[PDB]
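Peer 1: Before anything else, here's the structure in question.
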Amino acid sequence: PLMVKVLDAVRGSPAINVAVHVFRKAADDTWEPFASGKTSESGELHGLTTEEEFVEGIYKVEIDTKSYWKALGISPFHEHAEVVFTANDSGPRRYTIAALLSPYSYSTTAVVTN
Amino acid sequence: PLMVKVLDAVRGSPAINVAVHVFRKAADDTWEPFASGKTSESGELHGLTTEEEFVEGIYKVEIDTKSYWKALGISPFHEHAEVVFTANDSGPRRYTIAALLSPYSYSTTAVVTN
Amino acid sequence: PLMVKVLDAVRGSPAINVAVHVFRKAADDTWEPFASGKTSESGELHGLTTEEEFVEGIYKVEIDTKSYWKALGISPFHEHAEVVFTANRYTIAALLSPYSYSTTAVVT
Amino acid sequence: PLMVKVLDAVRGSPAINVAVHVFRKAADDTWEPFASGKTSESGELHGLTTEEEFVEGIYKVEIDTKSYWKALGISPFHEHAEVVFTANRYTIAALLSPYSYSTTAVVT
Ligand SMILES: Nc1[nH]nc2nccc(-c3ccccc3)c12
Ligand SMILES: Nc1[nH]nc2nccc(-c3ccccc3)c12
Ligand SMILES: [Ca+2]
Ligand SMILES: [Ca+2]
Ligand SMILES: [Ca+2]
Ligand SMILES: [Ca+2]
């Protein structure tokens with residue numbers, strides 16, 4: 001139910017080995033850790049969660065763009081890229097968060113399917 | 001060797017049934033038709049060409065964004081989105097042209113693999 | 001030293017009357033208020049800070065994109081758009097759609 | 001009536017000294033030269049045309065992104081970036097990376 005895909009606009013490639021941390025807002029309004037992983041050789045991250053565990057909530061997907069660029073020996077601008085959204089409010093959906101990265105820029109979109 | 005993927009930034013969905021026309025620059029510097037198709041329910045267009053037919057050249061991928069929006073009953077800004085590139089100059093590659101559409105904006109990236 | 005500019009990819013316009021709050025990260029890893037305002041008719045927010053106030057540090061720009069889309073009658077995906085960067089003249093530009101946003105930095 | 005603005009997503013800067021040629025589509029479906037210039041230090045190209053010259057029609061903005069990247073020593077993917085639209089004040093903005101570009105229209 002939750003997938004992340006990341007592309008690199010400088011190299012013309014998937015963005016491989018990008019760390020992604022997902023948080024869920026708790027009852028007390030703090031962010032609680034929900035899941036994490038890293039993108040594969042295709043720039044995709046599957047397996048973050050399950051239909052059972054991906055309940056309604058406000059979720060934050062934090063893509064570690066900084067470490068990605070630094071590993072390439074590049075000094076990037078942003079600390080991270082985050083996507084924060086309310087999930088499953090009108091019933092279960094599947095969410096793909098797609099991101100396109102450059103050292104001084106990022107773009108994200110969501111693909112939501114029923 | 002050539003795939004096109006299109007997403008819709010307004011609906012949060014694949015951009016389905018988008019016409020895509022591919023041209024190749026001929027010897028006389030004119031654009032010649034090379035291949036065409038339309039995106040599927042996943043927003044993807046496979047099958048445009050083959051390894052045999054996708055020789056070196058300068059290619060134009062013209063994504064019919066205008067008809068896409070008009071079909072949704074929306075009046076868009078651009079006539080189309082085009083990506084023009086030299087292909088296969090240092091040997092065969094696989095190319096994915098990924099696009100993200102809004103009525104007054106588009107973004108494209110290339111994923112090139114060996 | 002810091003300018004925010006917001007554009008609307010649906011309407012092909014500046015994103016006007018967008019609330020923007022800027023925070024600086026404190027030593028305890030909490031976020032100190034720093035600047036705020038609403039984008040103008042040109043989608044720009046100028047006058048956030050001065051050179052003497054704007055010291056090196058990690059800054060967060062929180063753009064209230066949800067209220068923007070709802071005031072236009074459009075259901076938005078995101079709760080907000082928050083842009084976090086280290087300062088080491090900065091323009092933070094954002095291009096908004098209901099299910100997507102893009103941001104770039106122009107540092108001159 | 002027509003302005004072009006170009007930004008560089010790699011360097012976090014305006015894209016300076018970018019050649020831009022504007023064409024208007026003729027009745028025979030060929031392309032008549034209309035305006036051209038190079039982006040300034042702010043990445044902007046102003047003064048392309050006047051109100052009386054800028055009539056309704058289909059316009060093509062051809063941005064020489066390949067020469068831009070090569071002058072910086074960077075191998076680019078695209079031959080150029082060409083933006084085609086009907087005019088029915090227009091800013092055509094483009095954000096460049098070596099393998100990607102994004103463009104939006106701001107019509108006010
Ligand atoms: N997330 C993104 N922000 N900007 C983009 N520009 C082009 C493509 C993607 C994208 C990724 C995967 C498939 C299709 C599109 C973009
Ligand atoms: N043309 C564009 N494509 N993608 C973009 N992403 C962020 C910002 C801009 C942009 C440019 C000028 C002002 C405000 C926004 C972008
Ligand atoms: Ca509910
Ligand atoms: Ca060759
Ligand atoms: Ca320092
Ligand atoms: Ca008319």
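By convention here, the chains of the structure tokens are called A, B, ... in the order presented, each chain's residues are numbered starting at 1, and ligands are numbered starting at 1 in the order presented.
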Give as JSON, numbers by chain the residues surrounding ligand 5 up to a distance of 10 Å, considering only C-alpha atoms and all ligand atoms.

Peer 2: {"C": [56, 57, 86, 87, 88]}

Peer 1: With N, CA and C atoms retained, write the just-selected residues as a JSON list (two decimals), in the first residue's frame.

Peer 2:
```json
[["chain", "number", "residue", "atom", "x", "y", "z"],
["C", 56, "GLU", "N", 23.84, 31.74, 9.83],
["C", 56, "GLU", "CA", 24.01, 30.37, 9.42],
["C", 56, "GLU", "C", 23.17, 29.46, 10.30],
["C", 57, "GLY", "N", 22.57, 28.44, 9.70],
["C", 57, "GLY", "CA", 21.75, 27.50, 10.46],
["C", 57, "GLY", "C", 20.84, 26.74, 9.53],
["C", 86, "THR", "N", 20.12, 24.12, 4.88],
["C", 86, "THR", "CA", 21.12, 24.84, 5.62],
["C", 86, "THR", "C", 21.48, 26.10, 4.86],
["C", 87, "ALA", "N", 21.54, 27.20, 5.61],
["C", 87, "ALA", "CA", 22.16, 28.42, 5.09],
["C", 87, "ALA", "C", 23.70, 28.46, 5.48],
["C", 88, "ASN", "N", 24.62, 28.61, 4.51],
["C", 88, "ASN", "CA", 26.09, 28.53, 4.72],
["C", 88, "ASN", "C", 26.79, 29.81, 4.33]]
```

Peer 1: Could you give me, as an MDAnalysis selection string, the residues within 10 Å of residue B:8, counting only C-alpha atoms and dropping anything in the same chain fewer than 5 positions from it?

Peer 2: (chainID A and resid 109:111) or (chainID B and resid 13:16 43 69 99:103 106) or (chainID C and resid 97:100)

Peer 1: Store the residues of this selection in a file with N, CA, C and O atoms, as an mmCIF file, in the first residue's frame.

Peer 2:
```cif
data_model
loop_
_atom_site.group_PDB
_atom_site.id
_atom_site.type_symbol
_atom_site.label_atom_id
_atom_site.label_comp_id
_atom_site.auth_asym_id
_atom_site.auth_seq_id
_atom_site.Cartn_x
_atom_site.Cartn_y
_atom_site.Cartn_z
ATOM 1 N N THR A 109 5.396 13.768 -6.616
ATOM 2 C CA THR A 109 3.992 13.592 -6.911
ATOM 3 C C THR A 109 3.466 12.350 -6.229
ATOM 4 O O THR A 109 4.233 11.462 -5.902
ATOM 5 N N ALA A 110 2.180 12.315 -6.052
ATOM 6 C CA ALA A 110 1.513 11.124 -5.485
ATOM 7 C C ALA A 110 0.614 10.520 -6.526
ATOM 8 O O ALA A 110 -0.110 11.207 -7.240
ATOM 9 N N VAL A 111 0.635 9.182 -6.568
ATOM 10 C CA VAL A 111 -0.268 8.366 -7.362
ATOM 11 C C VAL A 111 -1.127 7.589 -6.384
ATOM 12 O O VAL A 111 -0.559 6.774 -5.627
ATOM 13 N N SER B 13 -2.844 10.490 -10.336
ATOM 14 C CA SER B 13 -3.107 9.259 -11.030
ATOM 15 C C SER B 13 -2.148 9.149 -12.177
ATOM 16 O O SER B 13 -1.576 10.126 -12.638
ATOM 17 N N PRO B 14 -2.070 7.949 -12.750
ATOM 18 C CA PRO B 14 -1.474 7.833 -14.092
ATOM 19 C C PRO B 14 -2.267 8.700 -15.063
ATOM 20 O O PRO B 14 -3.433 8.927 -14.873
ATOM 21 N N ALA B 15 -1.595 9.172 -16.115
ATOM 22 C CA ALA B 15 -2.274 9.869 -17.203
ATOM 23 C C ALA B 15 -2.562 8.830 -18.275
ATOM 24 O O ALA B 15 -1.670 8.361 -18.961
ATOM 25 N N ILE B 16 -3.835 8.462 -18.352
ATOM 26 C CA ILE B 16 -4.263 7.336 -19.166
ATOM 27 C C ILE B 16 -4.721 7.817 -20.531
ATOM 28 O O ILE B 16 -5.242 8.872 -20.659
ATOM 29 N N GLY B 43 -0.550 4.432 -17.157
ATOM 30 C CA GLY B 43 0.148 5.609 -17.662
ATOM 31 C C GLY B 43 1.395 5.250 -18.445
ATOM 32 O O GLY B 43 2.175 6.121 -18.762
ATOM 33 N N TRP B 69 -5.853 16.895 -21.707
ATOM 34 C CA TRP B 69 -6.594 17.788 -20.884
ATOM 35 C C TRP B 69 -7.945 18.082 -21.450
ATOM 36 O O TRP B 69 -8.947 18.182 -20.739
ATOM 37 N N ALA B 99 7.086 11.681 -17.614
ATOM 38 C CA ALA B 99 6.472 13.022 -17.655
ATOM 39 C C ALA B 99 5.446 13.173 -16.565
ATOM 40 O O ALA B 99 4.763 12.242 -16.189
ATOM 41 N N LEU B 100 5.355 14.388 -16.053
ATOM 42 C CA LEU B 100 4.389 14.788 -15.016
ATOM 43 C C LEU B 100 3.637 15.996 -15.536
ATOM 44 O O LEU B 100 4.259 16.981 -15.864
ATOM 45 N N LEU B 101 2.319 15.927 -15.601
ATOM 46 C CA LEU B 101 1.517 16.944 -16.248
ATOM 47 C C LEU B 101 0.580 17.691 -15.283
ATOM 48 O O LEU B 101 -0.115 17.100 -14.456
ATOM 49 N N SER B 102 0.483 18.987 -15.514
ATOM 50 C CA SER B 102 -0.569 19.838 -14.999
ATOM 51 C C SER B 102 -1.043 20.715 -16.151
ATOM 52 O O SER B 102 -0.418 20.841 -17.176
ATOM 53 N N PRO B 103 -2.216 21.377 -15.965
ATOM 54 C CA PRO B 103 -2.766 22.116 -17.129
ATOM 55 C C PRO B 103 -1.859 23.192 -17.656
ATOM 56 O O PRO B 103 -1.871 23.453 -18.892
ATOM 57 N N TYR B 106 4.495 21.209 -17.381
ATOM 58 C CA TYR B 106 4.891 19.798 -17.493
ATOM 59 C C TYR B 106 6.354 19.685 -17.134
ATOM 60 O O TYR B 106 7.119 20.617 -17.283
ATOM 61 N N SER C 97 0.821 21.879 -7.476
ATOM 62 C CA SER C 97 -0.343 21.196 -8.007
ATOM 63 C C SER C 97 -1.001 20.446 -6.836
ATOM 64 O O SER C 97 -0.463 20.228 -5.811
ATOM 65 N N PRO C 98 -2.265 19.993 -7.093
ATOM 66 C CA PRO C 98 -3.008 19.378 -5.967
ATOM 67 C C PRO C 98 -2.329 18.139 -5.393
ATOM 68 O O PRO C 98 -2.439 17.934 -4.190
ATOM 69 N N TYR C 99 -1.689 17.307 -6.256
ATOM 70 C CA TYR C 99 -1.044 16.083 -5.826
ATOM 71 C C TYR C 99 0.493 16.143 -5.951
ATOM 72 O O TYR C 99 1.122 15.134 -5.782
ATOM 73 N N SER C 100 1.053 17.319 -6.186
ATOM 74 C CA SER C 100 2.492 17.399 -6.439
ATOM 75 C C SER C 100 3.005 18.758 -6.095
ATOM 76 O O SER C 100 2.292 19.738 -6.232
#
```

Peer 1: I need the contact residues of chain C against chain A, so if you could list those with any atom within 6 Å, counting only C-alpha atoms, and return them as a list in words, that would help.

Peer 2: residues 78, 79, 84, 85, 99, 100, 101, 102, 103, 104 and 105 of chain C

Peer 1: Within chain B, find each residue whose DSSP state, derived from the backbone, is alpha helix (DSSP H), and express the selection as a PyMOL selection string.

Peer 2: chain B and resi 65-71

Peer 1: Output N, CA, C and O atoms for every residue in that selection, as an mmCIF file, in the first residue's frame.

Peer 2:
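Ended up saving to selection_5.cif:
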```cif
data_model
loop_
_atom_site.group_PDB
_atom_site.id
_atom_site.type_symbol
_atom_site.label_atom_id
_atom_site.label_comp_id
_atom_site.auth_asym_id
_atom_site.auth_seq_id
_atom_site.Cartn_x
_atom_site.Cartn_y
_atom_site.Cartn_z
ATOM 1 N N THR B 65 -0.330 16.332 -24.744
ATOM 2 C CA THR B 65 -0.896 16.844 -23.496
ATOM 3 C C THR B 65 -2.179 17.593 -23.740
ATOM 4 O O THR B 65 -3.077 17.585 -22.925
ATOM 5 N N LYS B 66 -2.262 18.321 -24.852
ATOM 6 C CA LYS B 66 -3.451 19.116 -25.120
ATOM 7 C C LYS B 66 -4.701 18.274 -25.218
ATOM 8 O O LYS B 66 -5.710 18.582 -24.622
ATOM 9 N N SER B 67 -4.635 17.207 -25.987
ATOM 10 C CA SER B 67 -5.851 16.387 -26.159
ATOM 11 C C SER B 67 -6.194 15.693 -24.835
ATOM 12 O O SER B 67 -7.356 15.466 -24.570
ATOM 13 N N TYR B 68 -5.156 15.323 -24.059
ATOM 14 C CA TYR B 68 -5.376 14.741 -22.759
ATOM 15 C C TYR B 68 -6.240 15.651 -21.885
ATOM 16 O O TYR B 68 -7.246 15.219 -21.341
ATOM 17 N N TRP B 69 -5.853 16.895 -21.707
ATOM 18 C CA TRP B 69 -6.594 17.788 -20.884
ATOM 19 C C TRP B 69 -7.945 18.082 -21.450
ATOM 20 O O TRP B 69 -8.947 18.182 -20.739
ATOM 21 N N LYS B 70 -7.982 18.272 -22.769
ATOM 22 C CA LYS B 70 -9.284 18.607 -23.374
ATOM 23 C C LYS B 70 -10.308 17.540 -23.169
ATOM 24 O O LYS B 70 -11.478 17.796 -22.987
ATOM 25 N N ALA B 71 -9.885 16.295 -23.227
ATOM 26 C CA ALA B 71 -10.760 15.144 -22.946
ATOM 27 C C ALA B 71 -11.292 15.123 -21.530
ATOM 28 O O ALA B 71 -12.386 14.585 -21.281
#
```

Peer 1: Determine, counting only C-alpha atoms, which protein, DNA and RNA residues have an atom within 12 Å of an atom of residue C:74; residues of the same chain fewer than 2 positions away are not included. Present the result as a PyMOL selection string.

Peer 2: (chain B and resi 10-11) or (chain C and resi 10-11+65-72+76-78+97-99)

Peer 1: Could you check the closest approach to chain C for each of D:73, D:49, D:94, D:14 and tell me which residue wins, using only C-alpha atoms?

Peer 2: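 Once distances to chain C are computed over only C-alpha atoms, the minimum belongs to D:14.
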
Peer 1: Report as a ChimeraX atom specification: the residues of chain C with a DSSP assignment of strand (DSSP E), based on the backbone of this structure.

Peer 2: /C:2-8,13-14,19-25,31-38,44-45,57-63,81-87,90-97,100-107

Peer 1: How would you write, as a PDB file with N, CA, C and O atoms, in the first residue's frame, the set of residues no farther than 10 Å from ligand 3 when counting only C-alpha atoms and all ligand atoms?

Peer 2:
```pdb
ATOM      1  N   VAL A  55      -2.892   1.869   8.625  1.00  0.00           N
ATOM      2  CA  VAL A  55      -4.184   2.371   9.032  1.00  0.00           C
ATOM      3  C   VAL A  55      -4.329   3.831   8.671  1.00  0.00           C
ATOM      4  O   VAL A  55      -3.417   4.450   8.122  1.00  0.00           O
ATOM      5  N   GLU A  56      -5.520   4.414   8.893  1.00  0.00           N
ATOM      6  CA  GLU A  56      -5.737   5.841   8.719  1.00  0.00           C
ATOM      7  C   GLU A  56      -4.646   6.557   9.526  1.00  0.00           C
ATOM      8  O   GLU A  56      -4.209   6.069  10.592  1.00  0.00           O
ATOM      9  N   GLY A  57      -4.243   7.722   9.058  1.00  0.00           N
ATOM     10  CA  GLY A  57      -3.375   8.570   9.804  1.00  0.00           C
ATOM     11  C   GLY A  57      -2.800   9.669   8.980  1.00  0.00           C
ATOM     12  O   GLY A  57      -3.073   9.721   7.767  1.00  0.00           O
ATOM     13  N   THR A  86      -2.535  12.952   4.696  1.00  0.00           N
ATOM     14  CA  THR A  86      -3.541  12.114   5.365  1.00  0.00           C
ATOM     15  C   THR A  86      -3.835  10.917   4.468  1.00  0.00           C
ATOM     16  O   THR A  86      -4.140  11.105   3.279  1.00  0.00           O
ATOM     17  N   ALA A  87      -3.743   9.718   4.991  1.00  0.00           N
ATOM     18  CA  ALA A  87      -3.952   8.501   4.259  1.00  0.00           C
ATOM     19  C   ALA A  87      -5.227   7.791   4.703  1.00  0.00           C
ATOM     20  O   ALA A  87      -5.556   7.770   5.888  1.00  0.00           O
ATOM     21  N   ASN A  88      -5.883   7.132   3.754  1.00  0.00           N
ATOM     22  CA  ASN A  88      -6.962   6.209   4.001  1.00  0.00           C
ATOM     23  C   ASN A  88      -8.226   6.792   4.615  1.00  0.00           C
ATOM     24  O   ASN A  88      -9.067   6.100   5.137  1.00  0.00           O
ATOM     25  N   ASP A  89      -8.415   8.100   4.458  1.00  0.00           N
ATOM     26  CA  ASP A  89      -9.552   8.753   5.135  1.00  0.00           C
ATOM     27  C   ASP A  89     -10.917   8.331   4.629  1.00  0.00           C
ATOM     28  O   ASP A  89     -11.883   8.290   5.411  1.00  0.00           O
ATOM     29  N   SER A  90     -11.007   7.981   3.371  1.00  0.00           N
ATOM     30  CA  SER A  90     -12.227   7.534   2.752  1.00  0.00           C
ATOM     31  C   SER A  90     -12.047   6.039   2.364  1.00  0.00           C
ATOM     32  O   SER A  90     -12.512   5.562   1.341  1.00  0.00           O
ATOM     33  N   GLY A  91     -11.358   5.273   3.197  1.00  0.00           N
ATOM     34  CA  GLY A  91     -11.089   3.873   2.992  1.00  0.00           C
ATOM     35  C   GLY A  91      -9.669   3.623   2.475  1.00  0.00           C
ATOM     36  O   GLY A  91      -8.975   4.517   2.083  1.00  0.00           O
ATOM     37  N   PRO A  92      -9.231   2.347   2.493  1.00  0.00           N
ATOM     38  CA  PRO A  92      -7.887   2.034   2.063  1.00  0.00           C
ATOM     39  C   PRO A  92      -7.560   2.448   0.662  1.00  0.00           C
ATOM     40  O   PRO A  92      -8.368   2.224  -0.246  1.00  0.00           O
TER      41      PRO A  92
END
```

Peer 1: Write out as a ChimeraX atom specification which residues come within 9 Å of residue A:22 when counting only C-alpha atoms, dropping same-chain ones fewer than 2 positions away.

Peer 2: /A:20,24,32-37,48,59-63

Peer 1: Hey, which bits of chain C sit within 12 Å of ligand 2, and for each residue what's the closest pair of atoms and how far apart in Å (one decimal), counting only C-alpha atoms and all ligand atoms, rows by chain and increasing number, as a Markdown table?

Peer 2:
```
| residue | atom | partner | partner_atom_place_in_ligand_line | distance |
| --- | --- | --- | --- | --- |
| C:3 | CA | ligand 2 | 13 (C) | 10.9 |
| C:4 | CA | ligand 2 | 14 (C) | 8.5 |
| C:5 | CA | ligand 2 | 14 (C) | 5.4 |
| C:6 | CA | ligand 2 | 14 (C) | 5.3 |
| C:7 | CA | ligand 2 | 14 (C) | 5.1 |
| C:8 | CA | ligand 2 | 15 (C) | 8.5 |
| C:9 | CA | ligand 2 | 2 (C) | 9.0 |
| C:12 | CA | ligand 2 | 1 (N) | 11.0 |
| C:13 | CA | ligand 2 | 14 (C) | 9.9 |
| C:14 | CA | ligand 2 | 14 (C) | 8.2 |
| C:15 | CA | ligand 2 | 14 (C) | 9.4 |
| C:39 | CA | ligand 2 | 14 (C) | 12.0 |
| C:42 | CA | ligand 2 | 13 (C) | 10.1 |
| C:43 | CA | ligand 2 | 14 (C) | 8.4 |
| C:44 | CA | ligand 2 | 13 (C) | 8.9 |
| C:45 | CA | ligand 2 | 14 (C) | 11.6 |
| C:83 | CA | ligand 2 | 7 (C) | 11.6 |
| C:91 | CA | ligand 2 | 13 (C) | 9.1 |
| C:92 | CA | ligand 2 | 14 (C) | 8.0 |
| C:93 | CA | ligand 2 | 14 (C) | 4.4 |
| C:94 | CA | ligand 2 | 7 (C) | 4.3 |
| C:95 | CA | ligand 2 | 7 (C) | 4.5 |
| C:96 | CA | ligand 2 | 7 (C) | 8.1 |
| C:97 | CA | ligand 2 | 6 (N) | 10.7 |
| C:100 | CA | ligand 2 | 6 (N) | 10.4 |
| C:101 | CA | ligand 2 | 6 (N) | 7.3 |
| C:102 | CA | ligand 2 | 6 (N) | 4.2 |
| C:103 | CA | ligand 2 | 7 (C) | 3.9 |
| C:104 | CA | ligand 2 | 7 (C) | 4.9 |
| C:105 | CA | ligand 2 | 7 (C) | 8.2 |
| C:106 | CA | ligand 2 | 12 (C) | 9.4 |
```

Peer 1: Export C-alpha atoms of the chosen residues as a CSV table (one decimal), in the first residue's frame?

Peer 2:
```csv
chain,number,residue,atom,x,y,z
C,3,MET,CA,12.6,35.4,-0.5
C,4,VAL,CA,9.8,32.8,-1.1
C,5,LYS,CA,8.0,32.6,-4.4
C,6,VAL,CA,5.0,30.3,-5.1
C,7,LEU,CA,3.4,29.5,-8.4
C,8,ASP,CA,0.2,27.6,-9.3
C,9,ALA,CA,0.5,25.0,-12.1
C,12,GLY,CA,-1.0,29.3,-14.6
C,13,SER,CA,-0.7,32.0,-12.0
C,14,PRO,CA,1.1,33.2,-9.0
C,15,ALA,CA,-0.2,31.5,-5.8
C,39,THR,CA,2.4,35.7,-0.6
C,42,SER,CA,2.9,38.3,-7.5
C,43,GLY,CA,3.2,35.1,-5.4
C,44,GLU,CA,6.2,36.5,-3.7
C,45,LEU,CA,7.0,37.0,-0.1
C,83,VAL,CA,11.3,23.0,2.7
C,91,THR,CA,15.1,32.4,-3.1
C,92,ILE,CA,13.0,29.4,-2.3
C,93,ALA,CA,10.6,28.8,-5.2
C,94,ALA,CA,7.7,26.3,-5.2
C,95,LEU,CA,5.4,25.2,-8.0
C,96,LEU,CA,2.1,23.7,-6.7
C,97,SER,CA,-0.3,21.2,-8.0
C,100,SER,CA,2.5,17.4,-6.4
C,101,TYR,CA,4.9,20.1,-5.7
C,102,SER,CA,8.4,21.1,-6.9
C,103,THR,CA,10.8,23.3,-5.2
C,104,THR,CA,14.2,24.9,-6.3
C,105,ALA,CA,16.7,27.2,-4.6
C,106,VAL,CA,18.2,30.2,-6.3
```

Peer 1: Pick out the residues sitting within 9 Å of residue B:47, and hand them over as a list in words; count only C-alpha atoms, and ignore anything fewer than 3 positions along from it in its own chain.

Peer 2: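 Everything that qualifies: residues 1, 2, 3, 37 and 50 of chain B.
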
Peer 1: With distances taken over only C-alpha atoms, which residue among B:114, B:39, B:30, B:17 lies nearest chain A?

Peer 2: B:114

Peer 1: Quick one: residues within 6 Å of residue A:44, only C-alpha atoms, excluding same-chain residues fewer than 2 positions away - as a VMD selection string?

Peer 2: chain A and resid 4 to 5 39 to 40 42

Peer 1: Got time to write the residues from that selection, N, CA and C atoms, as an mmCIF file, in the first residue's frame?

Peer 2:
```
data_model
loop_
_atom_site.group_PDB
_atom_site.id
_atom_site.type_symbol
_atom_site.label_atom_id
_atom_site.label_comp_id
_atom_site.auth_asym_id
_atom_site.auth_seq_id
_atom_site.Cartn_x
_atom_site.Cartn_y
_atom_site.Cartn_z
ATOM 1 N N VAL A 4 7.627 3.956 -2.791
ATOM 2 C CA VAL A 4 8.374 5.179 -3.099
ATOM 3 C C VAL A 4 9.310 4.920 -4.294
ATOM 4 N N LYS A 5 9.349 5.845 -5.232
ATOM 5 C CA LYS A 5 10.177 5.717 -6.422
ATOM 6 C C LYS A 5 10.941 6.994 -6.579
ATOM 7 N N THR A 39 15.953 2.652 -1.385
ATOM 8 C CA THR A 39 15.620 2.330 -2.779
ATOM 9 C C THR A 39 16.601 1.340 -3.363
ATOM 10 N N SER A 40 16.065 0.486 -4.222
ATOM 11 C CA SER A 40 16.786 -0.527 -4.901
ATOM 12 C C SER A 40 17.546 0.017 -6.109
ATOM 13 N N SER A 42 16.545 -0.128 -9.039
ATOM 14 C CA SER A 42 15.543 0.508 -9.927
ATOM 15 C C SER A 42 15.034 1.801 -9.401
#
```

Peer 1: Choose the residue, out of C:82, C:28, C:62, C:41, that has the smallest atom-to-atom separation from chain D; count only C-alpha atoms.

Peer 2: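 Going through C:82, C:28, C:62, C:41 one by one, the smallest distance to chain D is for C:41.
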
Peer 1: Quick one: pull the distance between atom CA of residue D:46 and atom CA of residue D:2, Å, one decimal.

Peer 2: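 Result for atom CA of residue D:46 versus atom CA of residue D:2: 7.3 Å, one decimal.
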
Peer 1: Please compute the atom CA of residue B:29-atom CA of residue D:24 distance, one decimal, in Å.

Peer 2: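 Straight-line distance from atom CA of residue B:29 to atom CA of residue D:24 works out to 20.4 Å.
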
Peer 1: Take atom CA of residue C:18 and atom CA of residue C:47 and report the distance between them in Å, one decimal.

Peer 2: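 The value is 15.1 Å.
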
Peer 1: Which residues, written as a list in words, have at least one atom at most 8 Å from residue C:25, with only C-alpha atoms counted and residues fewer than 3 positions away on the same chain left out?

Peer 2: residues 29, 30, 31, 32, 57, 58, 59 and 60 of chain C

Peer 1: Write the residues of the preceding selection, restricted to C-alpha atoms, as a short mmCIF file (atom, residue, chain, number, x, y, z; two decimals), in the first residue's frame.

Peer 2:
```
data_model
loop_
_atom_site.label_atom_id
_atom_site.label_comp_id
_atom_site.auth_asym_id
_atom_site.auth_seq_id
_atom_site.Cartn_x
_atom_site.Cartn_y
_atom_site.Cartn_z
CA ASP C 29 16.66 20.34 17.84
CA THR C 30 13.35 22.21 18.30
CA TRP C 31 12.17 24.93 15.88
CA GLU C 32 12.26 28.57 16.71
CA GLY C 57 21.75 27.50 10.46
CA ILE C 58 19.08 25.08 9.36
CA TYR C 59 15.86 26.79 8.27
CA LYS C 60 12.42 25.37 7.57
#
```
